[PDB]
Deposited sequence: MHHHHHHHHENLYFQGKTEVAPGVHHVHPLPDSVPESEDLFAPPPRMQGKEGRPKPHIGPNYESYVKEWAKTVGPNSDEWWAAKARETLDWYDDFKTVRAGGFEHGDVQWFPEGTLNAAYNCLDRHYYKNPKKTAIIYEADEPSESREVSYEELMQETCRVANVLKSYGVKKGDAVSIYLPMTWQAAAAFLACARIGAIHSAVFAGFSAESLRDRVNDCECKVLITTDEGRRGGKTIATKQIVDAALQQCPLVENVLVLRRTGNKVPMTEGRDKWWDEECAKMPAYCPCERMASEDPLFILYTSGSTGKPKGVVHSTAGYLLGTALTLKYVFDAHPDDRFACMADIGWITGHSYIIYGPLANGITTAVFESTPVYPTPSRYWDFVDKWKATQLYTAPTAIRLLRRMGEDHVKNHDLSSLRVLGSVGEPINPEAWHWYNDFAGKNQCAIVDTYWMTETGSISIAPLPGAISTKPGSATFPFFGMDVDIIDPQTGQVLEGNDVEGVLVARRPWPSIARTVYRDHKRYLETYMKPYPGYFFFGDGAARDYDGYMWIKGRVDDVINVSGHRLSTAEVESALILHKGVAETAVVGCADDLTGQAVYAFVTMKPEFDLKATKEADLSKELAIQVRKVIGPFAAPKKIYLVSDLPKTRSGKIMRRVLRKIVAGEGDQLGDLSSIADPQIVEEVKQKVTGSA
């Protein structure tokens, strides 16, 4: 076979995992929405793509959302000019669909499980309380002169009121722009200026993992260079003394106490912008999502990819500064009317048992996190997870990067006790909602495979050299989409040329994701890393996931990243950055001996061309807060270009860049 699965210690013939009994409607669990096999998925999926799928999408849109005005046209526009339209004549409001309609049905149902940084401070927030708080904030924003179409910046940590802030903007038709709490003043400034908001919402301080985030201090530094911001609303999260500017800055509780606890919903066109979300090369990229298609995509993917039922308690452990928090903490779960988790802490605070204490306390029915969190808990030891119950879980999700089969198995074995479906969800900020993922009651999974495209997604593999679609199976190339889908990003804010050039020009007629992909002999899709991260060794194309998956098969390896660099003989050579577990004895095992064994492991599993030319042992890797490993930073450092690096002040650990610069020289 030309296309191989990601390296695993399990043989292939024992590596196919059918939907487990918890996903078969047994042991009292709800029956899956799609099942019980691959054919039930394909039969439904075929209704959602092609020239006869308008019927299905119109019905789903009218069944799933409450509309003030019906639409006439299902879809229009396209990639070439970036004029994508879905349900254009309809009107609706996102806050109405996420709060009001559920509040009118069951006001005391829990909307948010607020898991505070200190576990003892956690509590449930009802739909009634969340709707009231949202309306008070919306009334405060209107009193500042915020109109429909105005942008509002949000610099809030993971406290439950962050959802009220998002939905207050949606309620009045303002465009929220959320920035990770803890981003530097410089990074915050650039995003506040780019979206041209006149109002910013923040906290006095944030609390994450027992550490204080000095959010109001950062905000004051940033706003000295933000001439459009006239009002700042400050939530008193810690009560520690912070500066407040007379006139400009007001306390959230004091402002909201002035306002009634209901606010009318602005009637939004389907294509009115809902939010701007800046990704984390050059200027910040503000990805713009509209209202109806985005909301529909998040609601349908939540329902089908995680098999959400009305009583479920959905635990997405990500941050609302990330698209994962937008779609699968706030918009998806609340549109469906279920309970969603807002997790304020880290996976290891107070201890690495935190995730599993949370699951057993609240009886979470789904858990959703990133491979970086999974690898972190994998390296912390089985004592923190082995003696928990965790049987309320039916589905475990992974998002943000390829999941190494080694990490996949740890997730499957300890979090799921081999009784949960594992959904590896591939998508991007620009896709709005999950693009490729197994439907858990239908798809038999392979460790590290996203499996099959979601409803409305018609994806292909293109040879990057020819620009032509590769038909059949056992093919590898770059991932593209043939047709628009409801939740696709509509533009890059005030930079539509960047939007067309990045996604629509490389392969005209297609959407270009920017990731390498392979379709194996069974038709399963494998997303093996960024196209920019592919290493070309003597004409052999190497993906980062396969080498990193091979490296982590060696004992004591916690996390790795591989990058290419120009080589005189092979064009490019592989350089590995390897993080061993801190307990690994670097004196008993020689670094030169460990590097040799790692290279042989890569050679044994992939081939002679894949063996790293050099291996660097580092204590950690440069990562974004969402958990993405910044291989571009490592690649430029290896190239001796530690000067041409972009904005690195808001990465997870800025100091690790210094350690990497040292170890290379």
Coverage holes, deposited numbering, ordered by position, sit at 1-24, 305-306, 692-694
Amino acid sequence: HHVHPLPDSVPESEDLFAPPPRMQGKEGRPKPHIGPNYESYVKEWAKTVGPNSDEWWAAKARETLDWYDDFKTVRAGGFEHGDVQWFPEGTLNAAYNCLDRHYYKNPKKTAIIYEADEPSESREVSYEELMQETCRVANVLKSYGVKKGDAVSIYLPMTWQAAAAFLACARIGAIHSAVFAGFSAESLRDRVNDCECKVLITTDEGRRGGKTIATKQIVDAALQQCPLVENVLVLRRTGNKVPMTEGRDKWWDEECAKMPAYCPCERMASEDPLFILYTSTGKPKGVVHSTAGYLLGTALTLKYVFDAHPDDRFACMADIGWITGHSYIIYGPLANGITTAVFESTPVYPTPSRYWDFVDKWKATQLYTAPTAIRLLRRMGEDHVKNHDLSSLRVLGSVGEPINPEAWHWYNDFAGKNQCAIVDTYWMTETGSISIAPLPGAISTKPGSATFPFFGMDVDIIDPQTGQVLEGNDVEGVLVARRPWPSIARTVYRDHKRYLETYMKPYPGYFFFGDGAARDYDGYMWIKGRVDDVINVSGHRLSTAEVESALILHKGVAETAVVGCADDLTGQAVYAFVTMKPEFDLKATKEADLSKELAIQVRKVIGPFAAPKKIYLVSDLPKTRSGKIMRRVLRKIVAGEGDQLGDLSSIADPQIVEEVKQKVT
From here on, numbers count along this sequence of modelled residues.
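The term rigid core refers to the most C-alpha atoms you can superpose between the two forms while keeping them within 1.5 Å.
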Between 174-182 and 553-561, which has the larger RMS C-alpha deviation from this form in 5 other deposited structures of this protein after core superposition? 553-561
Do the Cα atoms of 526-534 or of 492-500 sit farther, on average, from the shown structure in 5 other deposited structures of this protein when the rigid core is superposed? 526-534
Could you tell me whether residue 645 lacks coordinates in at least a third of the other compared entries whose models cover its neighbours on both sides? yes
If we scan the other compared entries, does residue 120 go without coordinates in at least a third? no
Between the two ranges 590-598 and 98-106, the one averaging a larger CA B factor in the entry: 590-598
Decide which of the stretches 127-135 and 376-384 has the higher mean C-alpha B-factor, going by the entry. 376-384
According to the deposited entry, which of 324, 346, 468, 177 has the largest Cα B-factor? 468
Which of these has the highest Cα B-factor in the record: 396, 341, 265, 558? 558
Lowest, middle or highest third: where is residue 147 by C-alpha B factor in its chain? lowest
Here the Cα B-factor of residue 49, set against its chain, lands in the third termed middle
Ranking the modelled residues of this chain by C-alpha B-factor as given in the entry, is residue 389 in the lowest, middle or highest third? highest
Among the modelled residues of this chain, does the Cα B factor of residue 620 put it in the lowest, middle or highest third? highest
How does residue 313 rank on Cα B-factor within its chain, lowest, middle or highest third? middle
